[PDB]
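Chemist: Just dropping in an experimental structure and the matching sequence.
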Amino acid sequence: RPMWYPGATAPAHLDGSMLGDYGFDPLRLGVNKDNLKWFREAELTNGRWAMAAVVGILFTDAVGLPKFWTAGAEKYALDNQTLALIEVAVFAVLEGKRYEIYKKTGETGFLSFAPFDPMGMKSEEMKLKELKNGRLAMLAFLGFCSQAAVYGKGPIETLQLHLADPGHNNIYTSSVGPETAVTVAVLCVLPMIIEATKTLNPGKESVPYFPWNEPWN
Amino acid sequence: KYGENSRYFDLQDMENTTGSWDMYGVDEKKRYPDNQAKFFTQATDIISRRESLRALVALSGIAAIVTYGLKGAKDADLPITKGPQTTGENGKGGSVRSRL
Amino acid sequence: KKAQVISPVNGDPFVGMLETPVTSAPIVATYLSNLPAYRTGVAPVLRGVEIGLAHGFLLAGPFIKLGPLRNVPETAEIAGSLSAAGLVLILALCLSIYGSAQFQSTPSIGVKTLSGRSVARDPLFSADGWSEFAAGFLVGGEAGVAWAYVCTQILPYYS
Amino acid sequence: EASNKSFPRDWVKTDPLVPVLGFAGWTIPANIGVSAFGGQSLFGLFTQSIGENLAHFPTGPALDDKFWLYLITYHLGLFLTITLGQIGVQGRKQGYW
Amino acid sequence: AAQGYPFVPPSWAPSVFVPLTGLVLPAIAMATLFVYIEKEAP
Amino acid sequence: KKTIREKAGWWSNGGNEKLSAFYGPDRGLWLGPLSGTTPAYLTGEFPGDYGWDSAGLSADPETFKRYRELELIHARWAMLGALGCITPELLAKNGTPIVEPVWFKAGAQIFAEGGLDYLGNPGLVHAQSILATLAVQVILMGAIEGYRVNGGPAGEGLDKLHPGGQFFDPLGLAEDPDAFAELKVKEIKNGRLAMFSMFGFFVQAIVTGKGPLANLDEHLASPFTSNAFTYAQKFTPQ
Ligand code: CHL
Ligand code: CLA
Ligand SMILES: CCCCCCCCCCCCCCCCCC(=O)OC[C@H](CO[C@@H]1O[C@H](CO)[C@H](O)[C@H](O)[C@H]1O)OC(=O)CCCCCCCCCCCCCCCCC
Ligand SMILES: CC1=C[C@H](O)CC(C)(C)[C@H]1/C=C/C(C)=C/C=C/C(C)=C/C=C/C=C(C)/C=C/C=C(C)/C=C/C1=C(C)C[C@H](O)CC1(C)C
């Protein structure tokens, strides 16, 4: 199976049993298996919400609407506090039933539809596509907020800015330029350090001395 | 046996011999209201494990202390956040040589 | 010259506790037995909630009346309640790591109750039991600190 | 101690006559007028101090109140009388003489 | 990052890292090294 | 015999006499102890049996189950009404600008200039025509109320009054048998209360012509002068 960098050897806990397993856990947060199940459900939930959020920010910035980091300060039909109140009140039951569905099944569900599948298109292929698009959408939303924090523009005005001058309107010519440049450089040279770790200790997995890892075993 | 004739050592009763006693512990199950017990058993379900409670502690404490540094020490109006509000002890480097 | 009060513990003069009125007076033993620490049949999570409510309500007072912001009128209670919340969180972490450290051996010796009937071991003194005890302690402590703030806000004669 | 194998529950041998007789033996003599008090008594001045301090009910007594003197002397003698009464009752009942 | 030499820390960096290094990292470290030292060899 | 914490009902595990007061022959009745002869067909196996068939309309069991159906449907509709009658008035006294928050004049809001602002906001519903509103209402309600009697997309072979599948019990409160049987009589008692209160809303709108929360405030201000008797002289025949 493909990996997060070419020729990567996966950790002993990321043995490809789950989907999206590109062997990515350099911090070994998924050494515990129940933690890994909870983290998979959390990955897919963060990703579902970021999918909806990315498409929503896109639909909002596509038309003449307030910017997504200023849309909360607009005036609405309800007061702020009652909005938050009803939100908490309904999400109480919603997330309670979702947590119950996780405890029962191990996957998500709406309220009682353990598998929210009106149109029965559930598959492992569709699961992998949901996971992949959800990771992509988490990255996309992070980028929305980040290049709306450097600039005062949302997704597509910044995209048009990059398309206007690709060499001069990019992340390395903005205020966060240098740190992203050095970060990208380190991330490019990192896998060879990791591959040295794998090479000079052939077959021997190493423990990185982390608190969540229980490295004394 | 144990409790009579000053026979303070019995192999069949090693708890009374060694002193493994519950001086005050009672084993009664009828303490709390079952609605309240259900509430407070359900309210602790997500943290009833060691690693999960340590995760909540880490999250909440990192967040509390980070937002303390960002807004809370200012909301508390700590002097380190307000600054000196004066010239300070700049020009008085010493009693002899008043350095900056 | 009769009627000696001080007795050895459970009649055993070699264990070394010397049952004494402060130890084993009827009212004192009644009070200590009724405390949620010594209710070895109830779930440890609920006893932890009760203990934590008490301790989180009491330890807000010092931070409120003696903290660094004790003299600013309205910021005092907020500051002290946040401080008590932090201390309760620290104590909950302490309890969790204590449950990690202590409960690994499962000692096989039984427990009696000063009257002969071999009671069971308290589920509190088990890893899962102490995990849920610390969970209950966190929940109850934060709730008790919050209610201490509430009582500063709503009580009539709160000076 | 070959005996005392259970820590008896009646460790204090309660005779309800003891507190009554101690309160009576201290307080009734505590209501005898002496000219050092100006013709008044220790317990009478004590009840008067409590009356004046009950007027301003929330705030507590002062330091120069002279209420504390009456309280402390009355309770010294009272606790001594009750203590020696219990001792004497359970010394006459038991042996000890 | 900042104008001039980049990688100048923010103004709020002390206010964050001094509490971290002093309240958080010592908590993590002492907890980890407590669970390590009370751990029993199987 | 029984200790103090059991009399308060601390322990919800050993409660088996909870349905004894609402089902079975030893239950509460309509006139209490002043109702001896319970009707012999109202045996108490259904929720809301207080032994009240004084007009005798439900002696036959088929008529009785049709009347039970009508009672529960009217109960749920009046519950939704009595929640949906006061809450525009509650949100107008909150400060949300609903322009005609009384329920008996809310239908005329669609004949205004700006149509029917939902929460007083043009960003909301903003429905202008009463005709398309009633058309989509009769289409949607025909589909739903026709799905109700013989099943449909949200359950087919379920009970005609209590389906409770994945759509009508999504929170799952009625999984337990005793909890479902207790919340049945809770439902029908809240529904009879709301049916009585909706009849009160109808009569209060007819003879006073003001808001029900306005009626509540005019009774809270003056209870003895502003009762139902100060409007008793409003239908005198001249
Ligand atoms: C022992 C005393 C006792 C009495 C007197 C009543 C009385 C009543 N209960 Mg009952 N209950 C009693 C015990 C208990 N009830 C209940 C639980 C219930 C429930 C759940 C219900 C009742 C209902 C009723 C009513 C049934 C008959 C009716 O509809 O009258 C109708 C006739 C009148 C009330 C008299 C008319 C009113 C007025 C005095 C005369 C008209 C005045 C106007 C000025 C006239 C002008 C109008 C003109 C324009 C035409 C009746 C008022 C039912 C109800 O509420 O119906 C309304 C009902 O649903 N009871 C419990 C719990 C187990 C009891 C325990 O002891
Ligand atoms: C969904 C992924 C995604 C995509 C398609 C883009 C695309 C773009 N970004 Mg955004 N960005 C992202 C994620 C993404 N970014 C994230 C996660 C961050 C947080 C670090 C940012 C932060 C950011 C800033 C601060 C700036 C941009 C800018 C830009 C533009 C120029 C590229 C550049 O200099 O940034 C390079 C981006 C990174 C180094 C971030 C990591 C990107 C990852 C590796 C994904 C790369 C794309 C992926 C392989 C395939 C995309 C899927 C599909 C659309 C084809 C371009 C429109 C610049 C711009 O428009 O200025 C005019 C700019 O100033 N981005
Ligand atoms: C498994 C699937 C689960 C799906 C659950 C249902 C999700 C429903 C999301 C909300 C959809 C409502 C849209 C109705 C049509 C509006 C068309 C329109 O013109 O919009 C127009 C509106 C804007 O219009 C504005 O309305 C405001 C309302 O006060 C103001 O009045 C403004 O003046 C007006 O301009 O656009 C939107 O509001 C779109 C927002 C949609 C997302 C809202 C946040 C929800 C995010 C969490 C979702 C939680 C899901 C669980 C809770 C529900 C459980 C049943
Ligand atoms: C039991 C018995 C017994 C004996 O024997 C005999 C007899 C007497 C006969 C019987 C009795 C009966 C009765 C009482 C009946 C009654 C009923 C009712 C009242 C109902 C209501 C009923 C009521 C109802 C439905 C109601 C409903 C409601 C609804 C829909 C809604 C509404 C609304 C709203 C939201 C508001 C807006 O703005 C509009 C509207 C639209 C307006």
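Modeler: Okay, I see it. Numbering: from 1, shown residues only, chains lettered A, B, ... in the order given. Ligands and ions are numbered 1, 2, ... in the order given.
Chemist: For whichever strand or helix holds residue A:130, name the packing helices and strands.
Modeler: Using DSSP states H and E, residue A:130 sits in helix A:124-149. Other elements packing on helix A:124-149 under the criterion 3 or more Cβ pairs under 8 Å, 6 or more residues apart in numbering or on different chains; DSSP states H and E are helix A:33-62, helix A:155-164. Any C-beta I mention is one placed from the backbone N, CA and C, and that applies to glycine too.
Chemist: In TSV, list these along with distance to ligand 4.
Modeler: Listed next are those as TSV, based on distance: least, Cβ to the nearest ligand atom, whole Å:
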stretch	distance to ligand 4
helix A:33-62	32
helix A:155-164	43
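Chemist: most tightly surrounded among those helices?
Modeler: By mean neighbour count, with neighbours taken as mean count of other Cβ atoms under 10 Å in any protein chain shown, helix A:33-62 ranks first of the helices and strands packed on helix A:124-149 at a mean of 16.
Chemist: Tell me the spacing between the residue most central in space within chain F and ligand 4.
Modeler: Taking Cα atoms, centre = their mean, the centroid of chain F lies closest to residue F:79, which sits 2.6 Å from it. Residue F:79 sits 8 Å away from ligand 4, going by Cβ to the nearest ligand atom, to the nearest Å.
Chemist: That residue: what secondary structure?
Modeler: Classification of residue F:79 using DSSP: H, G, I helix; E, B strand; the rest coil returns helix.
Chemist: quick one, what contacts it?
Modeler: Contacts for residue F:79 (Cβ atoms under 8 Å, 6 or more residues apart in numbering or on different chains) come out as F:190, F:191, F:194.
Chemist: Just the buried residues of these.
Modeler: When those are checked for burial by 16 or more other Cβ atoms under 10 Å in any protein chain shown, the buried set is F:190, F:191, F:194.
Chemist: Am I right that the second one falls within a strand?
Modeler: Same thing as residue F:191. No: counting by three-state DSSP, residue F:191 is not found in a strand; it is helix.
Chemist: In space, what's closest to it - neighbours in sequence excluded?
Modeler: Of all residues not flanking residue F:191 in the chain, residue F:75 sits nearest, at 2.5 Å (Cβ to Cβ, 6 or more residues apart in numbering or on different chains).
Chemist: before we move on, the earlier item: do you know which of the helices and strands packed on helix A:124-149 lies nearest residue D:17?
Modeler: helix A:33-62 (68.9 Å; Cβ to Cβ).
Chemist: Can you check what angle separates that closest one from helix A:155-164?
Modeler: Here helix A:33-62 runs at an angle of 80 degrees relative to helix A:155-164 (axes from the mean of the first three to the mean of the last three Cα atoms, to 10 degrees).
Chemist: Show me where chain E has its strands.
Modeler: Counting by DSSP state E, chain E forms no strands at all.
Chemist: And the residue of it closest to ligand 4?
Modeler: As assessed by Cβ to the nearest ligand atom, ligand 4 sits closest to residue E:12 within chain E, at 52.9 Å.
Chemist: Could you pull out the helices in chain F for me?
Modeler: Secondary structure of chain F by DSSP state H: the helices cover F:4-8, F:61-94, F:130-150, F:177-207, F:212-221.
Chemist: which among the buried ones among the contacts of residue F:79 gets closest to residue C:120?
Modeler: residue F:190 (45.6 Å).
Chemist: And the residue nearest to residue F:191, how close does it get to chain D?
Modeler: To chain D, residue F:75 is 56 Å away according to Cβ to the nearest Cβ, to the nearest Å.
Chemist: burial measure for that residue, as a count.
Modeler: Other residues within reach of residue F:75, judged by other Cβ atoms under 10 Å in any protein chain shown, total 21.
Chemist: these two touch, right, it and residue F:194?
Modeler: Yes: using Cβ atoms under 8 Å, residue F:75 is in contact with residue F:194, at 6.9 Å.
Chemist: tell me, what's touching the two both at once?
Modeler: By Cβ under 8 Å, 6+ apart, no residue touches both residue F:75 and residue F:194.
Chemist: How about residue B:16, nearest residue that isn't a chain neighbour?
Modeler: Leaving aside its sequence neighbours, residue B:16 sits nearest to residue B:2 (Cβ to Cβ, 6+ apart; 4.7 Å).
Chemist: and residue F:14, how far is that from residue F:2?
Modeler: Residue F:14 sits 11 Å away from residue F:2, going by Cβ to Cβ, to the nearest Å.
Chemist: Looking at these two, which one has more neighbours?
Modeler: Taking other Cβ under 10 Å, residue F:14 and residue F:2 do not tie; residue F:14 has more neighbours (10 against 6).
Chemist: before we move on, which element is the residue nearest to residue A:172 when sequence neighbours are not counted in?
Modeler: In space, and not counting its chain neighbours, residue A:172 is closest to residue A:181: 5.2 Å by Cβ to Cβ, 6+ apart. Taking DSSP H and E as the definition, residue A:181 sits inside helix A:177-200.
Chemist: does ligand 2 sit close to that helix?
Modeler: Yes: using Cβ under 6 Å from any ligand atom, we find that helix A:177-200 touches ligand 2 at residue A:180.
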